[PDB]
Amino acid sequence: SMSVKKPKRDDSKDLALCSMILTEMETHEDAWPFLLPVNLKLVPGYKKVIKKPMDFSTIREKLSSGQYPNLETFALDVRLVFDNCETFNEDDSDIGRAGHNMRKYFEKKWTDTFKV
Ligand SMILES: CC(=O)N1CCc2[nH]c3ccc(Cl)cc3c2C1
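Per the deposited record, the coordinates in this entry were obtained by X-ray crystallography to a resolution of 1.85 Å.

In the nomenclature of the PDB entry, the chain corresponds to Bromodomain adjacent to zinc finger domain protein 2B from the organism Homo sapiens.

What follows is about the overall build of the chain. When helices and strands are counted, the chain shows 5 helices and 0 strands. Going from N to C terminus, the chain has its helices and strands arranged as α-α-α-α-α. Along the longest, intermediate and shortest principal axes, the C-alpha atoms of the chain span 55 × 25 × 25 Å. Long-range contacts, defined here as pairs at least 24 residues apart, represent 66% of the contacts in the chain between residues at least 6 apart.

Once that is clear, we can look at the site of the ligand. Residues in close proximity to the ligand include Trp32, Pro33, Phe34, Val38, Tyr46, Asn89 and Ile95, which together make up its full environment. A distance of 2.8 Å is found between an oxygen atom of the ligand and a side-chain nitrogen or oxygen belonging to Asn89. When isolated, the ligand has an accessible area of 410 Å², and the protein chains bury 63% of it. When atom positions are compared with the pocket grids, the ligand is found to occupy the largest pocket. By residue class, the composition of the shell around the ligand is 6 nonpolar, 1 polar and no charged.

Quick look at the nonpolar core now. Ranked by internal contacts, the top residues of the largest apolar core, which has 24 residues, are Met25, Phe56, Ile59, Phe74, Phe82, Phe106 and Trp110. Within the residue set of this core, elements represented by two or more residues are α1 (14–27), α3 (56–64), α4 (71–88) and α5 (94–114). If we ignore the near neighbours within four places in the chain, the residues touching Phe74 are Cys18, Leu22, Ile59, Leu63, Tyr68, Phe106 and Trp110.

Moving on to the packing of aromatic side chains. To describe a pair of aromatic rings, one takes the distance between the centres and the angle between the planes. Tallying each qualifying case throughout the model produces 8 aromatic pairs. Ring geometry for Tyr46 versus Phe88: centroids 4.8 Å apart, planes at 65°, classification edge-to-face. Residue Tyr46 is found in helix α2 (residues 46–49), and its partner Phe88 is found in helix α4; the two are separated by 42 residues along the sequence. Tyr46 sits in the buried class, given a relative accessible area of 7%. According to the relative accessible area criterion, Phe88 is partly exposed, its value standing at 30%. Considering the side-chain rings of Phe106 and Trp110, the 5.4 Å spacing of their centres and the 35° angle between planes classify their relative orientation as tilted. Taken together, the residues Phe106 and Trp110, both in helix α5 and 4 residues apart, mark about one turn of the helix. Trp110 matches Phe106 in its accessibility class, with the two residues each being buried. Following the ring pairs from residue to residue traces out a cluster consisting of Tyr68, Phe74, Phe106, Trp110 and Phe114.

Attention shifts here to the environment of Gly99. Within the element layout of this structure, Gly99 appears in helix α5. Residue classification places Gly99 among the buried positions, given a relative accessible area of 4%. Linking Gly99 and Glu86, residues 13 residues apart in sequence, is a C-alpha distance of 7.3 Å.

About the thresholds
Residues numbered from 1 in each chain as written, not as in the entry; some residues may be left out. Heavy atoms only, no water. Residues with missing side-chain atoms left out of burial classes, pairs and counts. Helix = DSSP H or I, 4+ residues; strand = E, 2+ residues; numbered from the N terminus. Contact = heavy atoms within 4.5 Å. Near = heavy atom within 4 Å. Polar contact = N/O pair within 3.5 Å; in protein donor to acceptor, adjacent residues only side chain to side chain. Areas by Shrake-Rupley, 256 points an atom, 1.4 Å probe, with all protein chains shown as cover. 1 Å grid on protein atoms, 1.4 Å probe; cavity = no way out; pocket = protein on both sides within 12 Å on 5 of 7 lines; lining within 4 Å. Sits in = over half its atoms within 2 Å of the grid points. Nonpolar A, V, L, I, M, F, W, Y, C, P; charged D, E, K, R; others polar. Core = buried A, V, L, I, M, F, W, Y, C linked by side-chain atoms within 4.5 Å. Buried < 20%, exposed > 50% of the residue type's maximum accessible area, 1.4 Å probe, protein only. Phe/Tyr/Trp six-rings, centres within 6.5 Å; stacked < 30°, edge-to-face > 60°.

Take a look at the structure:
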């Protein structure tokens, strides 16, 4: 509260570390569904159903331009990619599997980097 803060957890390297995680995300073999925004003119249903589209390129641009106030808003956008993928894709599809795989890969990197 006013004049009462817990000790400052060091956040100076967060930007760089989130960038590194994102690079690892971008270069994963199963990232292909997520690299660019879904083409809303070419994918029937997507626009109406998915209220907040997100993709890796959009996250990279937001990151590079200071649009994440903190590491948690970054993780919210990453998770949004996978949440959308689950909303739109059957688990037993290539893309549904890719999303589960990428979520798993992300969350380990996330824990190991910021919670281990
Ligand atoms: C991620 C997802 O729900 N999408 C919607 C379905 C879909 N199909 C694709 C084929 C090729 C590429 Cl590169 C991406 C896609 C997507 C993206």
